[PDB]
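Novice: Let me give you the complex in parts, starting here:
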Amino acid sequence: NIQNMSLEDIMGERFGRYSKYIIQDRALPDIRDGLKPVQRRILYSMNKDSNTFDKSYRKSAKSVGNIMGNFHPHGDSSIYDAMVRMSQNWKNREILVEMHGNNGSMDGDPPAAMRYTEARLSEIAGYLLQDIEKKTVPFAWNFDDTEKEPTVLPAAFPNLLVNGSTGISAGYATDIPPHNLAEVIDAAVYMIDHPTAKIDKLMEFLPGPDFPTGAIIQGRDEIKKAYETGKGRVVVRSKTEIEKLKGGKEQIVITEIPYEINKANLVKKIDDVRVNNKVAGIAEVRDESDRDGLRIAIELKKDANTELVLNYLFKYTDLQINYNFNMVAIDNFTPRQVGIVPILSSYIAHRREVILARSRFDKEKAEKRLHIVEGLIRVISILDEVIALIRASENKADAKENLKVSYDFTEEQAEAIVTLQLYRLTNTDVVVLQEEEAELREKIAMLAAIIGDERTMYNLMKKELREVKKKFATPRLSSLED
């Protein structure tokens, strides 16, 4: 009825369990797909349930509950919150979930409850899943042990850098800023050609973070420190403009603010400066933002030092802040502080495994089919004899042994023939079969080449990454300075 345990030998076991789990399978991203497990489950699940960009929106609660019943044994609210975030275009550079309804705002206010909103995968997230049906990625069992789920996704683009991550575990934490899709691909593509590229050359392609919120990034030197070691301190400052007004008064207008900053609160803290007369000359603060543009008007008084006021807001509010790179991620089951190079290499590494796996899958499919198509071509020239032979057989199995023995068809061919539907005896035309045979041969040749030549496989990897760039590429939002 009892059994004693040491307080040491027990906090040891208990905490080690929580430690490991919350590090591997909760708070930190996989280095290759750039996803935390919950994020991966949401994606994999919605995809299985056919809830994609090309098809209707699906009531959010339906997706959440399915995720919870099949893959993620945790709170409906955690799952939804995660799902909501993936859909906010001020947190993700490239949103992975599109959502109908109130999904929040930069004012930090709450999204509509899960019963109100509809959602589906964005078109680009589909590229995170591309080729999953093709045995291209290691699966594992879910908690039920009733269904298999992916441990990583195929990632047809480098999501760790593009969307970022953040990031609180046990003993480790992670902060990775978002990046411009095209810049990241341009980098990756270069490194494919140049395995030993060094940070400086890579920075000619990937100059730095690109925040969805825009604004100005200052600190080339630190960006490099970050891209090199995983840590770095950089300055983000809001995008401002000065409008002149009637009555000789000038006015500061804010149009982009720093990533991860709450517009509503920022506005209060600025108005708080005015209230407390901490700097001389602020008339009134107004959030003038509306459904299609961010705009904070800070109207000054007549005869007021406009540069004085702007410098104070930068120093003493969040009009300007420090972003801290702390790029940690999960590489070979372990938390690892990493810079631009282990990241991109790990990605290329992974995209290689996927493409090869894919091509093996497709080759096998094509071989099998070619094999059947070869037999069907033969069968046509002996159509009548084959019918006669089947008529002469006692049952299906006997028909096959007859087909083999008498015409040297193979099991797989004989089964194919014997299970043809009668009406097929009317499409007796060799030439289209001979055209399929040819397409099939070519296809196999192309895949064998991928499989048996690293240069050919990387060239595929480059063709493909460039297609993704052409398709989803967009302009920088954040500008740089040193």
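Specialist: Thanks, I have the structure now. Numbering: from 1, shown residues only, chains lettered A, B, ... in the order given.

Novice: Against residue A:192, how distant is the spatially closest residue to residue A:195 that is not a sequence neighbour?
Specialist: Excluding the flanking residues, the one nearest residue A:195 by C-beta to C-beta, 6 or more residues apart in numbering is residue A:345, at 7.7 Å. Bear in mind the C-beta positions are built from the backbone N, C-alpha and C, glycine included. For residue A:345, the distance to residue A:192 (C-beta to C-beta, to the nearest Å) stands at 10 Å.

Novice: what do you get for residue A:394?
Specialist: Residue A:394 is 60 Å from residue A:192, by C-beta to C-beta.

Novice: Between the two, which is the more surrounded one?
Specialist: residue A:192 (20 against 8; other C-beta atoms under 10 Å).

Novice: Name the helix or strand for that one, please.
Specialist: helix A:181-193 (DSSP states H and E).

Novice: helices and strands around that helix, which ones?
Specialist: In terms of contacts (3 or more C-beta pairs under 8 Å, 6 or more residues apart in numbering; DSSP states H and E), helix A:181-193 is packed against helix A:159-163, helix A:199-202, helix A:340-381, helix A:454-472.

Novice: Off-centre distance for it?
Specialist: 16 Å (C-alpha atoms, centre = their mean, to the nearest Å).

Novice: okay, the angle between that helix and helix A:340-381?
Specialist: Orientation of helix A:181-193 against helix A:340-381 (axes from the mean of the first three to the mean of the last three C-alpha atoms, to 10 degrees) gives an angle of 80 degrees.

Novice: Residues contacting helix A:181-193, please?
Specialist: Applying C-beta atoms under 8 Å, 6 or more residues apart in numbering, the contact partners of helix A:181-193 are A:93-94, A:157-158, A:161-162, A:197, A:201-202, A:205-207, A:210, A:340-341, A:344-345, A:347-348, A:458, A:461-462, A:465-466, A:468-469, A:472-474, A:476.

Novice: That helix vs helix A:454-472, what angle?
Specialist: Using the same axes, to 10 degrees: helix A:181-193 against helix A:454-472 is 170 degrees.

Novice: I figured residue A:390 hits residue A:422, correct?
Specialist: No. Using C-beta atoms under 8 Å, residue A:390 makes no contact with residue A:422, being 11.1 Å away.

Novice: When the two are compared, which one has more neighbours?
Specialist: Neighbours per residue (other C-beta under 10 Å) separate residue A:390 from residue A:422, with residue A:390 holding more: 17 against 7.

Novice: Secondary structure element for that one, which one?
Specialist: Counting by DSSP H and E, residue A:390 is found in helix A:383-392.

Novice: distance between the following helix or strand past that helix and the chain's centre?
Specialist: Remark: after helix A:383-392, the chain's next helix or strand is helix A:396-407, criterion DSSP H and E. The chain centre lies 51 Å from the centre of helix A:396-407; the measure is C-alpha atoms, centre = their mean.

Novice: Chain B should go on the structure too:
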Amino acid sequence: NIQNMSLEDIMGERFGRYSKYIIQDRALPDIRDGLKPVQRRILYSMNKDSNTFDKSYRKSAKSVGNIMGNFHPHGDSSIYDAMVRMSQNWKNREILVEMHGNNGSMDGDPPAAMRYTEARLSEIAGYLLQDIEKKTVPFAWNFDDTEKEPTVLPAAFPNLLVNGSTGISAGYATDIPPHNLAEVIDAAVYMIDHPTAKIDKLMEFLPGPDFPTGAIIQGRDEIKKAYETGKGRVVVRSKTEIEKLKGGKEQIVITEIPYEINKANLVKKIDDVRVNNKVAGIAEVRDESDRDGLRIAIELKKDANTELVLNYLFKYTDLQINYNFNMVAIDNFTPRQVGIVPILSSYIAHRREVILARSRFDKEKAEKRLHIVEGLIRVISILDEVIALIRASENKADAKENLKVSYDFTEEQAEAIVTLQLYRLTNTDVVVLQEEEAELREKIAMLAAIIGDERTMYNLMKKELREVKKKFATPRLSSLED
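Specialist: Let me add chain B to what's already shown:
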């Protein structure tokens, strides 16, 4: 840009719109299956999803989310709350949902939240859904116009009386108590035989309600009144016993309390009597209910008038309460107050429709095949020339045309023939086919008779009902007095 409307008119369209909906489509049960639309959707969805008594439990949230996305466009909470209720065996005489996890108690504490619990349909619930897949009940479109849902269930047992309903709308409310499954069926069977049965006779079989919480129901006169008009007021009193304790003191011991009564709040209120000394004599009040028994000891003082106390608790607490029949259900899309008679009429009429519909469905299947099976028997008599015609035909279309024209096969046979797999040509056995022809002919005769003879049909109804009773029948819990 702006249209005026009268307050009298605006309040008209609004209240009519809502009144009609909350009456027809929310608060009041259909008179045949006894369900409110929310409950039907719960059962139909879980059933569609194969979440049934014979298979693992699903996470409640998976179920809830599916219901919400396909059928019932409302609170995930209301849906869950409804689903939880159909699983509490102290609210439903015969529960339709089995739930793993904290789903409540008679103490009326909250059930575990949707994220914790697991559910599946009960075996009996399956009987409410029986034959749903055989086009036995009218379907409509869901709020989406994307999927058809059933409007009433086949109801292989008279759920409306067995389980009850309750019951708040606009202009109308409902209170129908639960009854013993065996008694209800006995009456329905008697009425099948004697359509014109009088309430007095029916009550020889269905003597009154049977609460799942047992207790004592007093009022034969009013039970009758209620079964005649749908309204009546009855008394429900707790099962009690007197236990003599060590030297002089007695103990009132409660073992069954009135339906819809919260054990915890009762025990409190009985103790509040002791604390206020409204009546003299109470020493202590002890809820002693464990996990497998209900027991409330009311320990009395020495020389305490134990009738005086028991009478006072009966009057001024819920140790005894009045239950009010107000049986209103939906019959022909309309609210309707009804007694025991029209209720069983409706049930029986309904089961008639179901059994008719069901038999038409099975008969159409047996026929479609018997038709194909006839054709195949013919083909064997002329295999060589039928193969020859397909050989000679231009395509599937043409082949079918020639089969019709040259040998008088019908589209449906021509389609069967032409889509046979080649290995079928091996067979020459007409006997097996002839055996199947015979079994099919017999089956159609039996089905045709049900469809064409009111009596044959009704004996089926009776037979099936009796099977339901033999299987699910359970003893009375509530005793009757006058």
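
Novice: Please reconsider what packs on helix A:181-193 now that chain B is part of the model.
Specialist: Judged by 3 or more C-beta pairs under 8 Å, 6 or more residues apart in numbering or on different chains; DSSP states H and E, the packing partners of helix A:181-193 are helix A:159-163, helix A:199-202, helix A:340-381, helix A:454-472.

Novice: what about the residue lying closest to residue A:104 once chain neighbours are set aside, neighbour count?
Specialist: Closest residue in space to residue A:104, ignoring its immediate chain neighbours: residue A:111 at 4.3 Å, by C-beta to C-beta, 6 or more residues apart in numbering or on different chains. Neighbour count of residue A:111, defined by other C-beta atoms under 10 Å in any protein chain shown: 21.

Novice: show me the contacts for residue A:111.
Specialist: A:84, A:101-104, A:117 (C-beta atoms under 8 Å, 6 or more residues apart in numbering or on different chains).

Novice: Distance check, residue A:56 against chain B.
Specialist: 8 Å (C-beta to the nearest C-beta, to the nearest Å).

Novice: do the same with residue A:140
Specialist: On the measure of C-beta to the nearest C-beta, residue A:140 and chain B end up 20 Å apart.

Novice: List the contacts of that residue.
Specialist: Contacts of residue A:140 by C-beta under 8 Å, 6+ apart are A:148-151.

Novice: Just the buried residues out of those residues, in PyMOL syntax.
Specialist: The following PyMOL line selects those of those that are buried, judged by 16 or more other C-beta atoms under 10 Å in any protein chain shown:
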select buried, chain A and resi 149+150
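
Novice: ok, the contacts of residue A:140 vs residue B:234, which is closest?
Specialist: residue A:149 (56.0 Å; C-beta to C-beta).

Novice: hang on, the closest one is in a strand, isn't it?
Specialist: Yes. According to DSSP: H, G, I helix; E, B strand; the rest coil, residue A:149 belongs to a strand.

Novice: That one contacts residue A:143, correct?
Specialist: No. Look at residue A:149 against residue A:143 with C-beta under 8 Å: they stay out of range, at 9.7 Å.

Novice: returning to what we had before: quick one: which of the contacts of residue A:140 is nearest to chain B?
Specialist: Lowest distance from chain B to the contacts of residue A:140 (C-beta to the nearest C-beta) belongs to residue A:149, with 15.4 Å.

Novice: contacting residues for that closest one?
Specialist: Residue A:149 neighbours (C-beta under 8 Å, 6+ apart): A:41, A:44, A:70-71, A:139-142.

Novice: separation between the closest residue to residue A:288 other than its chain neighbours and residue A:450?
Specialist: Counting by C-beta to C-beta, 6+ apart, residue A:295 is the residue found nearest to residue A:288 once chain neighbours are left out, at 4.2 Å. Computed as C-beta to C-beta, the residue A:295 to residue A:450 distance reads 52 Å.

Novice: Between the two, which has more neighbouring residues?
Specialist: Legend: neighbour count by other C-beta under 10 Å for residue A:295 and residue A:450, higher for residue A:450 (21 against 13).

Novice: Put this one in as chain C:
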Amino acid sequence: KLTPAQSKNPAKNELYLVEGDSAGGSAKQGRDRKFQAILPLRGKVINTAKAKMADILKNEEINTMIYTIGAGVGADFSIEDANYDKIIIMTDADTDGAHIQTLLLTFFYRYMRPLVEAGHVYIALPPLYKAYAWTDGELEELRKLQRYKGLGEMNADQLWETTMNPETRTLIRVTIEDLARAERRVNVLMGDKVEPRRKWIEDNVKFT
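Specialist: To build on what is shown above, here is chain C added in:
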């Protein structure tokens, strides 16, 4: 409780009474903050024809309306000291939406008649389908569909253009036509007595 307009202006300023926090939030986003305030109604509004004026006044939704409109209640009610030119009841195009419009209206008639008889109380008409259509009639005419289950799944861009934009919006004006035919109507549908309501329901509701 409420999200207010930026400038105080009893001549343009509008109050939007929105059914639910869900829509309450989509309106905050969709609106024009200069002259448009949002006041969420979280839950079914109390019935001011049935409840004791004791409770009627101890009610959060009811207090923050008397106090957000700033004219006071009953006859202590000064239309001249109002806070909004318009008062807009924006609910879901469902039945409970209808029901909420119904409870609000009886409160504005029972306790701020000046407002209803002055034509300041309006009711928003959200679209039912997506061009946009409001009637199953103007739909198939638009067939030359995204059925809105509620204001929830509409997006601020859409909500503005379709129903909050003073230049693009349809908007019902509530107007007392016959004072006496109006008091009878309200008191039957919303009053303490059940039987006449039932009667009304039978006489007027077509179950088919």
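
Novice: please look at the contacts of residue A:111 again, because chain C has been put in.
Specialist: Contacts of residue A:111 (C-beta under 8 Å, 6+ apart): A:84, A:101-104, A:117, C:25.

Novice: Kindly indicate the member of these with the most neighbours.
Specialist: residue A:102 (30 neighbours).

Novice: Regarding the closest residue to that one other than its chain neighbours, what are the backbone dihedral angles?
Specialist: With C-beta to C-beta, 6+ apart as the criterion, residue A:102 has its nearest non-adjacent residue at 3.8 Å, and that residue is residue A:112. Phi and psi for residue A:112, reported as degrees, to the nearest 10, are phi -70, psi 150.

Novice: Smallest gap between the stretch 101-250 of chain A and chain B, at which residue?
Specialist: Closest point on the stretch 101-250 of chain A to chain B, by C-beta to the nearest C-beta, is residue A:115, at 5.0 Å.

Novice: Which residue, other than its chain neighbours, is closest to residue A:180?
Specialist: With C-beta to C-beta, 6+ apart, the residue lying closest to residue A:180 is residue A:210, at 3.8 Å.

Novice: Run through the bridge partners of the closest residue to residue A:139 other than its chain neighbours.
Specialist: Using C-beta to C-beta, 6+ apart and skipping the chain neighbours, the partner closest in space to residue A:139 is residue A:148 (4.2 Å). In this entry, residue A:148 is beta-bridged to residue A:141, by DSSP bridges.

Novice: Quick check: phi and psi on residue C:90?
Specialist: phi -110, psi 100.

Novice: Does it touch residue C:16 like I think?
Specialist: Yes. In this structure, residue C:90 is within contact of residue C:16 by C-beta under 8 Å, at 5.4 Å.

Novice: For chain A, what lies in contact range of chain C?
Specialist: Neighbours of chain C within chain A, by C-beta under 8 Å from any C-beta of the partner chain: A:57, A:100-102, A:105, A:109-113, A:116-118, A:286-288, A:290-292.

Novice: Which of the residues you listed fall in strands?
Specialist: Within those, residues falling in strands by DSSP state E are A:100, A:118, A:286-287.

Novice: so which of the residues you listed comes closest to chain B?
Specialist: Closest to chain B, out of all of those and judged by C-beta to the nearest C-beta, is residue A:118, at 9.2 Å.

Novice: what's the residue closest to the geometric middle of the chain?
Specialist: Using chain A. In chain A, the C-alpha nearest the mean C-alpha coordinate belongs to residue A:159, at 4.3 Å (C-alpha atoms, centre = their mean).

Novice: Wait, chain C was what I had in mind.
Specialist: residue C:89 (2.0 Å).

Novice: and that residue, which of the three is it?
Specialist: Applying three-state DSSP: residue C:89 is strand.

Novice: Residue A:210: neighbour count?
Specialist: 27.

Novice: does the residue in chain C positioned nearest to chain A sit in a helix, a strand or a coil?
Specialist: As assessed by C-beta to the nearest C-beta, chain A sits closest to residue C:152 within chain C, at 3.6 Å. Here residue C:152 is coil, with the state taken from three-state DSSP.
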